[PDB]
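Peer 1: pasting the first chains of the complex, positions unchanged:
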Amino acid sequence: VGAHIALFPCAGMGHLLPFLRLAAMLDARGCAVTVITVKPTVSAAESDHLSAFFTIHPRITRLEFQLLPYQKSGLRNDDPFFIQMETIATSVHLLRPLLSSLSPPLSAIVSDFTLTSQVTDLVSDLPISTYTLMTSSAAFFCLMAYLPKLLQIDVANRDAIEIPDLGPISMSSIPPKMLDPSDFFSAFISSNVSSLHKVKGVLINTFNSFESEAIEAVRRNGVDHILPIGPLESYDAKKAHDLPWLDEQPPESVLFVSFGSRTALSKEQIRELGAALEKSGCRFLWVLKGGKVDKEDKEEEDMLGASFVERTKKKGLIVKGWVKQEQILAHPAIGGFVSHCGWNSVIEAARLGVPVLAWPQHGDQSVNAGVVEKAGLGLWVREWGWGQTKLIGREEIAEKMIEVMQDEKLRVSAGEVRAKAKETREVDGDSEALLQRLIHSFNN
């Protein structure tokens, strides 16, 4: 553990967990690692996860930063993660005192994409080689990467968007917010992509077989230094879960439902899947988030209904809250996965080879579904659209759930992805060799 490295996730479970994963991974490869967190955390969950991680890994060290107050309405409405990410920039300078005192000077720092522009000054005064880890799809990341020239190019939204060395992305996959220049979200991505130039390398949670077209497209696309790190290894946070029912079930019989760290859909729609879930007869494990964005704000299982919970009393079990998704997904009993297609959830399923039913709700998740379908890892119906854009059928959903359980071709293809994913983590694997090579390059 001669080399000293830090990783600095900003906000959100999707951002936070992987970086921890990168750190544990880095520690495993003889790196000395500090993990930087900024408080107060947006969600109760983020700290809960963080606390365990440090307890679980003593060798890795916690490096908190306390946030200063801010009040800017320029950011549209009130979504806390952009606000949290924005606040982090306001207090980012507070970082400098913290880095100056590090015992063995940091060889490199790994920084979440959202604040790559603020850190840059910090990265010139203290000359730290700075790296980034991408939580999104390489195909989706390819879109952001080419966004600035594409945003400069036109004023209206066309039928299909062409990123230069990649298959054109349908506009339906793209978020509205991305398209309009005036909107801030556009501002945050554009500036940050520019800051990539300063960075020594860019790391993404995907592997070359997995996104062959995109990774190369990125290569000639102005993102030369991108390294396919993924799939990010398990956090090894053992353990906090009781699953007597899961053990009883036959291997690959049970269906797992998670819509991500945040809730994805309306109750009326939600009841529709529950009704369709009954029609399918799949044994299930369902994790439900009452609060669409914050764990702290949810004190609501009223939404599914009284009759349904008793009706599926022996068919399935549901958790209202947080459960270990990878711990559950590695179980022999789980054979199908219905996800919101956040890239971390999609990547974990590919690593464990669990067939996916893609049900993207917002953001980059629609683009990840296209990768899920292109990979052959999962089944996706593009026509479902964004959440609340259309109300998709109980009867319609049931046919798709029945296909995932009884389509053997998906199982053979899903099995291949697990083998493809495993091979890249083997000593001869490009992903393991790239991580090992990057660690070798870090200076004393």
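Peer 2: Looks like it came in fine. Numbering: from 1, shown residues only, chains lettered A, B, ... in the order given.
Peer 1: Now the residue of chain A most remote from its centre: which helix or strand?
Peer 2: Here the centre of chain A is the reference, and by C-alpha atoms, centre = their mean the most remote residue is residue A:307, at 33.9 Å. Under the criterion of DSSP states H and E, residue A:307 resides in helix A:306-311.
Peer 1: Pull up the pairing partners for the next helix or strand after that helix, direction included.
Peer 2: As assigned by DSSP H and E, the chain's next helix or strand after helix A:306-311 is strand A:316-320. Applying DSSP bridges to the sheet, strand A:316-320 is found paired with strand A:283-288 (parallel).
Peer 1: how about the strands of the stretch 251-400 of chain A, start to end?
Peer 2: With strands called from DSSP state E, counting those that start in this stretch, the stretch 251-400 of chain A shows them at A:254-258, A:283-288, A:316-320, A:334-339, A:356-358, A:378-380.
Peer 1: For the first one, enumerate the helices and strands it packs against.
Peer 2: Strand A:254-258 is packed against helix A:267-280, strand A:283-288, helix A:325-329, strand A:334-339, helix A:394-406, with contacts defined by 3 or more C-beta pairs under 8 Å, 6 or more residues apart in numbering; DSSP states H and E. For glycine as for every other residue, the C-beta is placed from the backbone atoms N, C-alpha and C.
Peer 1: so how far is the helix holding residue A:307 from its chain's centroid?
Peer 2: How far helix A:306-311 lies from its chain's middle: 32 Å, per C-alpha atoms, centre = their mean, to the nearest Å.
Peer 1: and for it, what are the contacting residues?
Peer 2: A:271, A:274, A:275, A:278, A:301, A:318 (C-beta atoms under 8 Å, 6 or more residues apart in numbering).
Peer 1: For the residue farthest from the centre of chain A, give its distance to residue A:398.
Peer 2: Going from residue A:307 to residue A:398 by C-beta to C-beta, to the nearest Å gives 18 Å.
Peer 1: Longest strand of chain A, counting residues only.
Peer 2: Counting by DSSP state E, the longest strand found in chain A is strand A:31-39.
Peer 1: Counting neighbours, which bits of it end up buried?
Peer 2: A:31, A:32, A:33, A:34, A:35, A:36, A:37, A:38 (16 or more other C-beta atoms under 10 Å).
Peer 1: build in chain B:
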Amino acid sequence: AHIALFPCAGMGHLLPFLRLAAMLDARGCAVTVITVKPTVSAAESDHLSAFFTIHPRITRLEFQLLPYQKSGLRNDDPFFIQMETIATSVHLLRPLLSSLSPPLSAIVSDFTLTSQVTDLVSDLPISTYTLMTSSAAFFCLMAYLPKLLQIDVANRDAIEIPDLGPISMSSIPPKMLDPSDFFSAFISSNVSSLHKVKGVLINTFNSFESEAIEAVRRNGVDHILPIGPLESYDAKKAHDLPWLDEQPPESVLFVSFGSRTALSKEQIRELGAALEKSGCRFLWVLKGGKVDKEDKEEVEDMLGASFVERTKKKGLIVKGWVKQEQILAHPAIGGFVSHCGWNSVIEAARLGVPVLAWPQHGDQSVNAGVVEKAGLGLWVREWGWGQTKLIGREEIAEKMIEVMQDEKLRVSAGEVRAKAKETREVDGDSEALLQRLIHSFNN
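Peer 2: Chain B added:
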């Protein structure tokens, strides 16, 4: 894009730059604000500290200016004297600006520092912009000063500025016409170097000064950009609000004469006599000591105990810094008395307060004219120059009464208030221009 703001001395110069800087930061530019020490007035120093603690990501660049060194520019004013001191030392900042870790894309300089600042970034890759504290109408007079000085052989009536109504000779300040005085030398020296500036920022909206903004555009300053009204950085802890809450809406008349303007000893007693005689409710900010806040160490021994007792029911007299923008927003204030320094004037317009115009020194008279033109307030030209003139209680009181009860003004003033709102809106020109400007900054 890194932008640096270089305000000169004075809360009139200081307040606008910080306000914009906060606006720039809100809209996402990396912002640095340049301050130098010492500062003439306590408020500027106290304010800067407050502003930075409220806005953490804005960098503070502090330089100690060289000791006052001079020859020429007859100056009897402390704030103007400090401006000369900042201007003579701006050329020593070239070494510091060259090595800044996040290099500046552009500098937004103060009008007074524009000539020295333009020379400073000549061989550096930094765009030079200037923010104008005053009104657009005054800028037309500034542009015409060389023509005004050359063909000004006769002391008669007013001079017709080329694209708008002629200004009375009484409105032009006598100091502006004397080349020896600092006010004239600085105005002339800066206008000559305005052509080396990428853009000139102004605190007026297109609705407020359509003729003045248009006249300057065709008069050689073709890069003018209206961004007004500037928005408050809304940072404040001390509350002096309580008396007002007791007051009925619109009853109170607010009197203030800016950061560094004081009345005559005969005028303070005649103004006080008028406030009693009028019978109006009022809020008085008393700045008897003079410009500097530190030396104005007196504490209401200007009027005496007898007067406070008589007026306590209808008035509160405060000596010290008051949160002007907040007071103006209050339901209670239905009148304002102003020296018509532009920043007060803009605030009156944004918050729709009827204004009673009372110039004491410099641009105030022209701005007073603008205020009258737009219906914002009533101006009495005959009163002429405060500090050169004395007005009796009878005259003052009647005007005070008249402004409070002009419903046409209250209706008229509101209309300006609406227009100021529109411009800030995304459609509205002033915000749009800044949004237009901000993109430009990215290079």
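Peer 1: once more on the contacts of helix A:306-311, with chain B this time?
Peer 2: If you take C-beta atoms under 8 Å, 6 or more residues apart in numbering or on different chains as the criterion, helix A:306-311 is touched by A:271, A:274, A:275, A:278, A:301, A:318.
Peer 1: ok, now which ones touch the fourth one?
Peer 2: Contact criterion C-beta under 8 Å, 6+ apart gives A:308, A:311, A:312, A:315 as the residues in contact with residue A:278.
Peer 1: repeat that with 10 Å
Peer 2: Neighbour list for residue A:278: A:284, A:308, A:311, A:312, A:315, A:316, A:394, A:398 [criterion: C-beta atoms under 10 Å, 6 or more residues apart in numbering or on different chains].
Peer 1: ok, back up a step: so how do I select the buried members of the contacts of helix A:306-311 in ChimeraX?
Peer 2: Here is the ChimeraX command that picks out the buried ones among the contacts of helix A:306-311, judged by 16 or more other C-beta atoms under 10 Å in any protein chain shown:
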select /A:271,274,275,278,318
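Peer 1: and residue A:153, how many neighbours does it have?
Peer 2: Counted with other C-beta atoms under 10 Å in any protein chain shown, residues neighbouring residue A:153 total 8.
Peer 1: Sorry, wrong one. I was asking about residue A:158.
Peer 2: Residues near residue A:158, counting by other C-beta under 10 Å, number 10.
Peer 1: Would you quantify the distance from it to residue A:221?
Peer 2: 19 Å.
Peer 1: Could you give the secondary structure assignment for the closest residue to chain B within the stretch 201-350 of chain A?
Peer 2: Proximity to chain B, evaluated over the stretch 201-350 of chain A using C-beta to the nearest C-beta, is greatest for residue A:222 at 17.4 Å. For residue A:222, the assignment made with DSSP: H, G, I helix; E, B strand; the rest coil gives coil.
Peer 1: burial measure for it, as a count.
Peer 2: Residue A:222 has 14 nearby residues by other C-beta under 10 Å.
Peer 1: So it sits against residue A:149, correct?
Peer 2: Yes. At 8.8 Å, residue A:222 counts as touching residue A:149 under the criterion of C-beta atoms under 10 Å.
Peer 1: Residue A:158: what's it in contact with?
Peer 2: Neighbouring residues of residue A:158 by C-beta under 10 Å, 6+ apart: A:168, A:171, A:179.
Peer 1: and which of these is nearest to chain B?
Peer 2: Taking the contacts of residue A:158 together and measuring to chain B by C-beta to the nearest C-beta, the closest member is residue A:179, at 17.2 Å.
Peer 1: Let's add chain C too:
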Amino acid sequence: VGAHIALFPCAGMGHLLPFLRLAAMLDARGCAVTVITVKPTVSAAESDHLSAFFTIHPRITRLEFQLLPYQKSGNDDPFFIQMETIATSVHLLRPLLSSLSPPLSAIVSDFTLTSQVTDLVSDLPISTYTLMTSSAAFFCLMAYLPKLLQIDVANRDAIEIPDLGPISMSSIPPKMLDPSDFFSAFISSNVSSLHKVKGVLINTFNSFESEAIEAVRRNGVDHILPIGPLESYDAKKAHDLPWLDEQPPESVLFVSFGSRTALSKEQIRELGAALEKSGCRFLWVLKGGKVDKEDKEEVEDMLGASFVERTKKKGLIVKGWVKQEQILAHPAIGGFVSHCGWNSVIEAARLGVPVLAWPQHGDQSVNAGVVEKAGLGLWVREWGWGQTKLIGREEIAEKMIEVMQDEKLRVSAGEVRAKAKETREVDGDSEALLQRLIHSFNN
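Peer 2: Same chains as before, plus chain C:
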């Protein structure tokens, strides 16, 4: 870039734009360029254009001449009074020219003031040149007007200039044929001052006007140099064609009537009706204000709601200024409707865009004649001087449909574009002269 060159355009977009292009051309070819402008500019557009030029082309310096008060009577034209107010202050170029660092090796002056700078080129011996913005056939008529207006001054079917196709009197403006009008005096006097010039550049080439170049060479202008077509300057933008991107190639008709408004409102509406009948997809740039950018405040009141809605999915209208050269260059544009201002005509040939000719005033009719001879466009003679006649929509529609479907025209038009390039290419005849002129200039 050793050689020091200054070009002076007096007024009008048509005069201003070509001169800027010549300036850019000179700098690219190794001259060091000063550009002289006279303010206040008649129009907002020249100023808009000039500021962008200097910011885009920053190695070229800007020399400005502030104009003095003028008052002569006998309202003519705003660009003709500005052309005569620049000659009332043309002695103000003396101080400026004497101060210039690398002294001028040659100055290029607009033809309107060649008689007034004659004296200035003797005192400071500047080899002076002039660039003509009209056609080579219309300059021939301009260059023989003095000798034609000595004989019986009247009108015949055709008036003839020495060695070129006789020009009809229907193409010649009526004010050029009366010797007591302003026009003639300025043309006669400036053609007399062409003998003091070292060269006379025109915006054309010899394939386009073979007879005019020799007619002008064998009639008193032996030092005439055709350096056409003038190259394009930069501008940096393009949020003008979101619809242009969606439209298919060569399918869009571009309607421009020049820097200024042309036809009467009643006439325009028939074209608008005409456009509709044709089905041509179109991009239309409408200038409401017939002569002044500043004066035009009309909007949707030119064509009516009725038309704008119906063509809503098939055409777009831009009011004011558009980057005409960039638009024409676009793959989408397939036809050009022009007032046949010469500068516009040379770019259409340069860009190979087919023309429907609707000359409105002045030299435009002769230019229309040139367009016909070249094979560049379709022209109807009988349409006449603008507002002389009212042209029915049906007649307008037919020519337009004919333009869309006329294959020989495209082939001939395509052929013209190749030739224009041929001249521009380094071996090229027009290219050769400009390169040569610089070689002559002495440091």
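Peer 1: and the contacts of residue A:158, now that chain C is in?
Peer 2: A:168, A:171, A:179, C:242, C:245, C:246.
Peer 1: Tell me how many other residues crowd residue A:310.
Peer 2: Residue A:310 has 8 neighbouring residues, counting by other C-beta under 10 Å.
Peer 1: how close does it get to chain C?
Peer 2: Between residue A:310 and chain C the computed distance is 57 Å (C-beta to the nearest C-beta, to the nearest Å).
Peer 1: ditto for residue A:192
Peer 2: As defined by C-beta to the nearest C-beta, residue A:192 lies at a distance of 24 Å from chain C.
Peer 1: was I right about that residue contacting residue A:141?
Peer 2: No. Using C-beta under 10 Å, residue A:192 is not in contact with residue A:141, being 11.5 Å away.
Peer 1: ok, the two, which is more surrounded?
Peer 2: Neighbours per residue (other C-beta under 10 Å) separate residue A:192 from residue A:141, with residue A:141 holding more: 27 against 18.
Peer 1: Need the nearest residue in space to that one, chain neighbours excluded.
Peer 2: residue A:134 (5.4 Å; C-beta to C-beta, 6 or more residues apart in numbering or on different chains).
Peer 1: what's near enough to touch the residue nearest to the spatial centre of chain A?
Peer 2: Residue closest to the average C-alpha location in chain A (C-alpha atoms, centre = their mean): residue A:344, at 3.4 Å. Residue A:344 is in contact with A:13-18, A:21, A:135-136, A:205, A:230-232, A:260-261, A:325-326, A:368, counting by C-beta under 10 Å, 6+ apart.
Peer 1: Now for the contacts of residue A:158: which two are most distant?
Peer 2: Using C-beta to C-beta, the contacts of residue A:158 reach their maximum pairwise distance at A:168 and C:242, which is 19.0 Å.
Peer 1: Can I have the buried ones of the contacts of residue A:344 as a ChimeraX selection?
Peer 2: Filtering the contacts of residue A:344 down to the buried ones (16+ other C-beta under 10 Å) takes a single ChimeraX command:
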select /A:13,14,15,16,17,18,21,135,136,205,230,231,232,260,261,325,326,368
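Peer 1: If we check chain C, which of the contacts of residue A:344 are in contact?
Peer 2: Counting by C-beta under 10 Å from any C-beta of the partner chain, nothing from those sits close to chain C.
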